[PDB]
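Keeping their order, the protein sequence lines are chains M and c. Residues 1 to 47, 84 to 201 (the deposited numbering) make up the first sequence, in order. Everything in the second sequence is counted per the deposited numbering, starting at 2 for the first residue and increasing by one. Structure first, commentary second.
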Amino acid sequence: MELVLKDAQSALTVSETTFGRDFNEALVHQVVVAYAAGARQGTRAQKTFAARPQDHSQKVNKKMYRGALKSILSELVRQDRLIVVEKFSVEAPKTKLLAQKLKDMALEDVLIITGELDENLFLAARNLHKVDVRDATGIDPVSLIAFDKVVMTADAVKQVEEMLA
Amino acid sequence: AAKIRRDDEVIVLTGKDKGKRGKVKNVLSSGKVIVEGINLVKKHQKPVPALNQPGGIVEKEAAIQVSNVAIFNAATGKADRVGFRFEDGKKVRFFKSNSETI
RNA sequence: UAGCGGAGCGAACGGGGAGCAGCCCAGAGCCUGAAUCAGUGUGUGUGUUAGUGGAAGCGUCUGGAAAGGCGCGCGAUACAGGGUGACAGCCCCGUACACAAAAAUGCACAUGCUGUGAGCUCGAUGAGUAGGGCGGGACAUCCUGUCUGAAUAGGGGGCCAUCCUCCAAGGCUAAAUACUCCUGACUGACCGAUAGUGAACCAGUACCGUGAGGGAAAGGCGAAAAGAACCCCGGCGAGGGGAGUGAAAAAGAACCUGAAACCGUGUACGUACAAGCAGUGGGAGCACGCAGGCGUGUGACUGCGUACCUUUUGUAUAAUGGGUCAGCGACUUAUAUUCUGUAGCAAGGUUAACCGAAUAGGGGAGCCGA
């Protein structure tokens with residue numbers, strides 16, 4: 001499974017089981033719901085019943101979690117929501133530069149994931165509400181679905197595949 | 002650090018008297034300022050035998066929120082924002098937008 | 001689980017982690033006072049207790065008022081949040097970020113002084129003690145008030161040894177752990193005035209009780225009091241009618257919204273020869289609103305018609321319960337276990353604690369299956 005880049009227009013072949021797997025709606029629904037339930041602080045009580089603080093955390097099998105990532109990640113390729121570039125960085129930590137760098141690419145709501153997070157890139161995108169920046173190690177299933185487009189650097193895709201399959 | 006003092010010419014940004022200018026009579030601790038000729042109200046002050054034997058309807062000035070007024074430059078003829086720097090050991094106000102010292 | 005007991009109670013070894021530190025005395029000499037620990041200043045750092053700077057917006061429409069709509073710009077290491085006459089990244093306070101301390105003080109070092117001894121050598125190696133007796137206590141076992149009494153490198157454990165392992169009869173000991181009256185910050189598929197703490201309000205108050213103690217109700221004018229000058233009726237009242245303020249007074253303080261029961265005034269129709277769950281089917285007339293009937297309200301007359309609930313086989317020619325309205329008010333949470341559905345991987349499945357600011361990954365100790 002090779003995807004054509006934008007700047008260099010080259011290819012990067014990856015296992016179809018990663019970027020070309022079927023969409024498991026039930027599996028994705030389970031994992032996405034699990035993440036949302038895991039983040040809530042269920043602290044409440046009354047004082084006819086009365087509530088107690090509770091843990092909404094659910095278990096996700098290590099292999100089962102990766103399987104959900106493959107299905108959503110593959111769906112991005114089929115939906116053409118995945119843009120791959122060789123290089124993506126800014127000279128200085130200025131959000132204005134990030135805005136100009138994005139309108140040229142015709143991207144408004146984008147998730148930018150990089151192999152090695154740059155300090156300037158992170159700071160520049162901090163004040164852009166529709167732009168999020170992650171590192172290859174710090175990717176998250178919910179984020180990959182929420183954002184309209186996903187920009188990945190050449191290093192990131194290589195790291196992601198070895199981390200996934 | 003108030004950006005407005007007792008003696009200052011200001012222009013009302015919003016309200017019944019938007020655009021009118023006047024001199025601040027005094028500033029209240031509640032975040033409001035009284036400006037000459039702004040926000041006139043008609044108080045029906047009932048006479049009291051001890052003082053103010055005449056009654057009648059009396060026009061008086063009502064306080065205005067400090068956020069509803071801005072320092073009037075009088076050079077550009079429009080509202081302006083105030084910045085604070087440390088000059089010669091006393092931090093004074095200056096007009097942003099050409100950064101001129103009052 | 002091993003076991004103890006029926007109901008129930010419940011290890012240890014061992015393994016994986018958190019944290020790790022073991023010291024001096026039981027006595028002398030040498031050597032020096034050398035590490036180290038305490039007291040104590042003194043310098044530096046790093047906080048804490050005040051603070052300082054902190055980017056960028058105008059035009060027009062509606063409106064009581066612009067932050068809203070529309071149009072055209074700008075800042076962003078700052079689009080956390082709050083306020084401003086309606087909903088503000090660019091009005092205000094802030095925020096990101098960068099700085100700040102005369103004084104006190106936390107915490108690390110550096111160093112001053114004091115007190116303290118490290119290094120090496122040699123020895124010692126816990127006595128009315130180990131043990132045993134008596135009388136009790138507590139459950140053959142344990143404890144001891146009383147009396148007796150060793151060996152001491154040999155002594156203490158594991159019918160007998162074996163073999164292994166240990167050294168009582170002195171003391172000290174950080175870290176990993178528990179908890180939160182109190183303080184700060186943040187968070188919430190938490191409540192929003194009959195809720196949430198009993199208490200959003202001058203609440204542990206008023207009130208109740210001799211007392212311990214029990215224990216309420218009660219939030220909201222408006223952007224701004226601009227809280228109604230003046231006039232009129234009235235008792236120099238209460239209350240009202242004007243006027244005036246305001247976008248709004250049917251926002252007037254008994255003040256946002258203003259439901260229902262309940263009480264009236266007005267209009268339409270019916271009703272004083274007509275018998276009972278009061279409705280339902282048919283239906284004249286009247287009033288009104290719409291090519292001649294329909295609609296809305298009323299309902300003369302007429303067919304049919306044992307209130308509802310619970311108990312009970314049953315609704316009963318029985319008994320029970322409810323004055324009405326509004327509000328509150330009952331299969332919740334955790335754990336174990338079983339089944340069904342569904343999803344993952346597959347003869348393998350899966351990790352727990354924990355590490356890791358990290359939901360990733362590591363961790364295979366264990367568990368169930370083959």
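We put the beta carbon where it would ideally sit given N, CA and C, even for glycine.
* Are c/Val28 and c/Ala3 touching if we call contact CB-CB under 9 angstroms? -> yes
* Please confirm if the region 6-17 of chain c is in contact with the region 190-198 of chain M, defined as three or more CB-CB distances below 8 angstroms between the two stretches. => no
* Helix, strand or coil: how does DSSP classify M/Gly151 here? -> coil
* What separation, rounded to the nearest whole angstrom, lies between the Cα atoms of M/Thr84 and M/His29? -> 35 angstroms
* M/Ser93 to M/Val32 span [Cα, whole Å] -> 13 angstroms
* **Start and end residues, alpha helix (DSSP H) containing M/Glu198** => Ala190 to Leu200
* Leaving out five residues on either side along the sequence, give the residues of the same chain with a beta carbon under 6 angstroms from the beta carbon of residue 76 of chain M. => No coordinates exist for residue 76 of chain M in the structure shown, because the numbering of chain M passes directly from 47 to 84.
* To do: For my contact list, c/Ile65 and c/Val34 are in at a C-beta cut-off of 8 angstroms; report their separation, rounded to the angstrom.
  => 6 angstroms
* Would you kindly work out how many angstroms separate the C-alpha atoms of c/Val36 and c/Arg22, rounded to a whole number? => 8 angstroms
* Asked: Assuming M/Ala192 contacts M/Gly151 under a Cβ cut-off of 8 angstroms, what Cβ separation, rounded to an integer in Å, is found between them?
  -> 5 angstroms
* Assuming c/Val67 contacts c/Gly38 under a Cβ cut-off of 8 angstroms, what Cβ separation, rounded to an integer in Å, is found between them? -> Incorrect: roughly 17 angstroms between the Cβ atoms, too far for contact.
* Asked: Any idea if M/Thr189 is buried or exposed, counting beta-carbon neighbours within 10 angstroms, 16 or more meaning buried?
  -> buried
* Between c/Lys61 and c/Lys44, which are expected to be in contact by the criterion C-beta below 8 angstroms, what is the C-beta distance as a whole number of angstroms? -> 5 angstroms
* **Pairwise C-alpha distance: M/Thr18 and M/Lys137** => 29 angstroms
* Asked: Quick check: the region 35-44 of chain M against the region 9-27 of chain M, are there 3 or more CB pairs under 8 angstroms?
  -> no
* Asked: Going along the chain, which residues of its own chain have a beta-carbon closer than 6 angstroms to the beta-carbon of c/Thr102, five neighbours each way excluded?
  -> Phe95
* Within 9 angstroms, strictly: CB atoms of residue 106 of chain c and c/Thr77 -> Not covered by the structure: residue 106 of chain c. The range shown for chain c is 2 to 103.
* Asked: Which residues in the same chain have their Cβ closer than 6 angstroms to the Cβ of M/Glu111, if we skip the five residues on either side of it in sequence?
  -> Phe23
* Closest by CA to M/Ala182, which one among M/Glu122, M/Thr173 and M/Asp145? -> M/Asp145
* Whole-angstrom Cβ separation of M/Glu122 and M/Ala172, contact assumed at under 8 angstroms? -> Incorrect: roughly 15 angstroms between the Cβ atoms, too far for contact.
* Asked: Leaving out five residues before and five after c/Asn74 in sequence, what residues of the same chain have Cβ atoms less than 7 angstroms from its Cβ?
  -> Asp81 and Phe96
* **Three-state secondary structure assigned by DSSP to M/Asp168** => strand
* Asked: So is M/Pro177 buried or exposed if we call it buried at 16+ other beta carbons inside 10 Å?
  -> buried
* Got a sec, what are the start and stop residues for the alpha helix (DSSP H) M/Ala34 sits in? -> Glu25 to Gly38
* Under a Cβ-count criterion, where at least 16 other Cβ atoms within 10 Å of its own Cβ denotes burial, should M/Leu118 be classed as buried or exposed? -> buried
* Exposure of M/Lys99, with buried meaning 16 or more beta-carbon neighbours within 10 Å -> exposed
* Asked: Sorted by chain position, which residues of the same chain lie with C-beta nearer than 8 angstroms to c/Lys17's C-beta, five sequence neighbours on each side aside?
  -> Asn40
* Can you give me the Cβ contacts of M/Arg102 inside the same chain, cut-off strictly under 7 angstroms, excluding the 5 residues immediately before and after it? => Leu200
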